[PDB]
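Structure record follows, encoded as structure tokens.
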There are 2 protein chains.
Amino acid sequence: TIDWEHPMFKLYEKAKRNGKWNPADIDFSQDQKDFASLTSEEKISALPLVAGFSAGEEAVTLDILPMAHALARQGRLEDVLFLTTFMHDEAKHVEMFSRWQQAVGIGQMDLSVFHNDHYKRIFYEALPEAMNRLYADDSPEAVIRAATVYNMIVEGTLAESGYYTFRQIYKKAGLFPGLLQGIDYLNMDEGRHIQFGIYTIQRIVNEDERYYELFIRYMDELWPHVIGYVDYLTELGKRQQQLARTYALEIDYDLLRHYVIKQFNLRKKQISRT
Amino acid sequence: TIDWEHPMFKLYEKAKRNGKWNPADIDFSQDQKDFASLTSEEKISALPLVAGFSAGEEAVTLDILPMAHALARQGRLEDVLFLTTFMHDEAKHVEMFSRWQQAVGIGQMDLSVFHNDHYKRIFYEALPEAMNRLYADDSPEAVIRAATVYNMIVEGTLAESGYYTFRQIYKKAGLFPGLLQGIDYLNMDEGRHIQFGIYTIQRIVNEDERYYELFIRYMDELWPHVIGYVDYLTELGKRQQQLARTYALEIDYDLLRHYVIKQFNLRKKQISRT
Ligand SMILES: CCCCCCCCCCCCCCCC(=O)O
Ligand SMILES: CCCCCCCCCCCCCCCC(=O)O
Ligand SMILES: [Mn+2]
Ligand SMILES: [Mn+2]
Ligand SMILES: [Mn+2]
Ligand SMILES: [Mn+2]
Ligand SMILES: [Mn+2]
Ligand SMILES: [Mn+2]
């Protein structure tokens, strides 16, 4: 039947209760004015972080499907019910960033230019490969790896840090209130996504504590590309300093960096070896 | 980007606006009392139609995924955004029937007994085979067949007729107000599902009017099992006449039957050869 007490059924219920926001309701009119008011140099200072996210959301909307397939095939009905909310969330995320991009005029703008090699390695290689694998290989190893790259690294490390960074910068400056409303909603959805990942990894580790070592290993395997992208954005911003100056933000890249590091280690700690 | 004018983006927007209902909010307390008040013979008279639906909703929640995969792989982003709402709708449908079944006490009850051979041929063979095919064969032929069996026959013919039948019987009788609230919501969701099917078949026919003949052919191929199930339910009810008598319903199986026939032909007519 439905196991009403199943953790993923409970997460499904919360998703319905907490998932009513609609990107079509966000007022982006002030964002349009803010963006127009920026200098050409101030404009470029913002784009790298938006590039990472818009492309990232698109990647994950296509790439969660194989997990829903694999779990369906295993008969995990409550997981599948929850995953329908996960996939619809990601749809709204793609929608929200595309609306912002249109409202402020950079819809055309090929933002690919802000994706370095480490980024592409995560979003264009490790992520799609690990998810697609599940179509032919739904072994515990395969499922742990998919949840690690997608939920623990892409969402749980990069996206979390991305949200924090957005707040740290533009919330201070009083800029882009529509986008920040969007990001708050995104960040609320993402908490459920991460919880799914934790639950999935933990139940597999609960069967064989040796999958714990596999989890840690896959996390450390990805870390170089995580930090390598983070260094490239850090670096990139330190050149284009004009938005920080104009808006009186000592943009502390060294504390962001450690927020990333903090997120990575925190995700490890949410998986228990025993 | 997102093509804001795309028909499936517009259907996605409507789904969000019109898709807020939550099965967890439905009051089933009166349904519990109604069901308990029924005689043992009256109880059995209702179950066949509920059997068809609960199993049917479960089938379609698992079975829409390959279509979302195939269209994603073709780069039809707006279709995929809409399909996230379609899949979440089906989740709530499975949820709604399981809640009703629990509330009135038939959760255990193996309702498989009311699935005859024609039913199994649709839901356990033709439907999963046609959807799963899309994982390895996303040809126009394959996509038309998937949309025909799923959207035009299962939803557009059987489910539509099932809703009508539910209303005709229990709405008259003043019974099962919770279930009927649920069914109204379901039926509103299903209109978008059918519209997706029409759009999908029509855009493929628009490229080669010879796919029109393929559409009609696949519809007629399934008709025998549609009517054969409908005859078995018709037949089945005519024996167990006690609920009709008790509640003063001349249950007109001959008009239902023609409602089914009417639905089938109506679906053909929504696809234009030209
Ligand atoms: C000092 C800079 C550190 C900040 C790191 C920036 C992270 C931006 C990358 C965006 C990835 C978004 C993917 C989210 C996927 C989802 O929504 O499930
Ligand atoms: C005289 C009897 C005719 C009535 C026909 C009864 C139809 C019951 C079958 C239920 C199928 C439900 C599947 C719906 C799938 C979806 O929700 O997309
Ligand atoms: Mn997201
Ligand atoms: Mn996410
Ligand atoms: Mn490097
Ligand atoms: Mn349904
Ligand atoms: Mn449907
Ligand atoms: Mn027969």
Side-chain angles (χ1 to χ4, degrees), chain A residues 53-54 56-61 63-64 83 85-97 150-151 154-156 158-160 162-163 182-183 185-197, chain B residues 48-64 86-87 89-94 96-97 114-115 118-119 122-123 127 149-169 183 185-187 189-194 196-197 226-227 229-238 251-261 263:
Chain A
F53 261 103
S54 329
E57 298 299 342
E58 187 173 36
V60 298
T61 305
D63 288 349
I64 185 64
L83 284 168
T85 76
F86 192 143
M87 291 184 288
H88 184 57
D89 291 342
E90 302 302 359
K92 302 197 286 182
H93 300 174
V94 165
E95 180 196 343
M96 189 279 291
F97 281 115
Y150 189 133
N151 305 117
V154 163
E155 290 171 328
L158 284 165
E160 272 308 317
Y163 302 146
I183 289 291
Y185 289 134
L186 256 65
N187 193 171
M188 286 179 56
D189 300 333
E190 288 305 322
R192 302 190 298 272
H193 303 189
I194 291 165
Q195 286 178 65
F196 163 83
Chain B
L49 206 65
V50 173
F53 261 103
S54 329
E57 298 299 342
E58 187 173 36
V60 298
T61 305
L62 308 168
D63 288 349
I64 185 64
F86 192 143
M87 291 184 288
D89 291 342
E90 302 302 359
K92 302 197 286 182
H93 300 174
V94 165
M96 189 279 291
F97 281 115
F114 302 114
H115 301 158
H118 290 281
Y119 179 102
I122 293 169
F123 283 95
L127 170 66
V149 63
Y150 189 133
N151 305 117
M152 304 303 263
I153 292 292
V154 163
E155 290 171 328
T157 299
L158 284 165
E160 272 308 317
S161 302
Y163 302 146
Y164 182 77
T165 300
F166 263 108
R167 284 184 243 270
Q168 288 298 315
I169 295 174
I183 289 291
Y185 289 134
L186 256 65
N187 193 171
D189 300 333
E190 288 305 322
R192 302 190 298 272
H193 303 189
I194 291 165
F196 163 83
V226 168
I227 195 66
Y229 174 62
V230 158
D231 289 344
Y232 156 92
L233 285 187
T234 282
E235 185 290 320
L236 187 60
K238 284 177 165 185
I251 280 172
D252 195 3
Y253 292 116
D254 295 288
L255 206 79
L256 298 172
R257 192 194 158 89
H258 294 124
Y259 192 91
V260 172
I261 291 161
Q263 286 309 303

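Atoms within a ligand are numbered from 1 in the order they appear, just like the ligands themselves. Reminder, nothing fancy here: chain letters follow the sequence lines and each chain counts from 1.
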Contacts of A:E95 that satisfy salt bridge (charged side-chain N to carboxylate O under 4.0 Å, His left out) - sequence neighbours left out: A:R99, B:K16

Ring-ring centroid check B:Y232 B:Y119, cutoff 6.0 Å: no

Separation of A:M96 CE from A:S54 OG (nearest 0.5 Å): 8.5 Å

B:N187 and B:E160: side chain donor to acceptor below 3.5 Å: yes

Non-neighbouring partners of B:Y259 that pass ring pair (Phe, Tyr, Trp, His ring centres under 6.0 Å), sequence neighbours left out: B:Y164

Shortest non-hydrogen contact between B:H115 and B:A55, atoms and distance: CE1-CB, 3.4 Å

For the student: nearest non-hydrogen atoms of B:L158 and B:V154, plus distance: CB-O, 3.5 Å

Residue-atom pairs from the protein, N, O or S only, that lie under 2.8 Å from the Mn ion (ligand 4): A:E90 OE2, A:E155 OE2, A:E190 OE1, A:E190 OE2, A:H193 ND1

Distance flag, aromatic centroids of A:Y150 and A:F86, threshold under 6.0 Å: yes

Nearest non-hydrogen partners of A:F97 and A:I183, listed with the distance: CZ-CD1, 3.8 Å

Could you go through ligand 2 and note, for every N or O atom, any protein N or O atom closer than 3.5 angstrom, writing the atom names and distance to 0.1 Å, or 'none'?
from	atom 1	to	atom 2	distance (Å)
ligand 2	17 (O)	B:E57	OE1	2.5
ligand 2	17 (O)	B:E57	OE2	3.0
ligand 2	17 (O)	B:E90	OE1	3.0
ligand 2	17 (O)	B:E190	OE2	2.6
ligand 2	18 (O)	B:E90	OE1	3.3
ligand 2	18 (O)	B:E90	OE2	2.6
ligand 2	18 (O)	B:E155	OE2	2.7
ligand 2	18 (O)	B:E190	OE1	3.4
ligand 2	18 (O)	B:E190	OE2	3.2

Atom name of the N, O or S atom in A:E57 that lies nearest to the Mn ion (ligand 3): OE1

Separation of B:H193 NE2 from B:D89 CG (nearest 0.5 Å): 3.5 Å

